[PDB]
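Here's the structure, in structure tokens; my notes come after.
Numbering (PDB author numbering), first residue to last: 346 to 442.
Here you go:
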């Protein structure tokens, strides 16, 4: 694959779930969606899998939150692993405002 990050632009109010639709396919990829993992402050944070602790319940809190609320910033690198692709792809997340 490519070891250089691919660049994508998002609005800070966009959810991690929206990223999934945007990434490859929107409708056909709804449960098929790749998993994005990011390193945040030297610790590895999984953004697709529920590595986020949530109050009460929240079935999918990580997906429900925005990229901004997830602690993502412009220039942040994301490592995505996909089911349709046997490769890990690196992305740079760029926020538009």
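No residue lacks a Cβ here, since even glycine has one placed at the ideal position from N, Cα and C.
Let's test the definition: count the other Cβ atoms within 10 Å of the Cβ of residue i and tell me whether it reaches 16, buried, or not, exposed.
{"i": "residue 407", "result": "buried"}
{"i": "residue 381", "result": "buried"}
{"i": "residue 383", "result": "buried"}
Which of helix, strand or coil does DSSP assign to residue i?
{"i": "residue 362", "result": "helix"}
{"i": "residue 408", "result": "helix"}
{"i": "residue 349", "result": "coil"}
{"i": "residue 368", "result": "helix"}
Quick one: Cα of residue i to Cα of residue j, how far?
{"i": "residue 378", "j": "residue 430", "result": "11 Å"}
{"i": "residue 411", "j": "residue 349", "result": "25 Å"}
{"i": "residue 351", "j": "residue 420", "result": "11 Å"}
{"i": "residue 438", "j": "residue 401", "result": "30 Å"}
{"i": "residue 361", "j": "residue 389", "result": "16 Å"}
{"i": "residue 370", "j": "residue 418", "result": "24 Å"}
{"i": "residue 355", "j": "residue 376", "result": "21 Å"}
{"i": "residue 372", "j": "residue 363", "result": "11 Å"}
{"i": "residue 365", "j": "residue 393", "result": "9 Å"}
Could you check how far apart the C-beta atoms of residue i and residue j are, in whole angstroms? I think they sit under 8 Å.
{"i": "residue 346", "j": "residue 428", "result": "No, residue 346 and residue 428 are not in contact; Cβ-Cβ is about 15 Å, not under 8 Å."}
{"i": "residue 436", "j": "residue 423", "result": "4 Å"}
Which residue's Cα is closest to the Cα of residue i: the options?
{"i": "residue 368", "options": "353, 398, 442, 432", "result": "353"}
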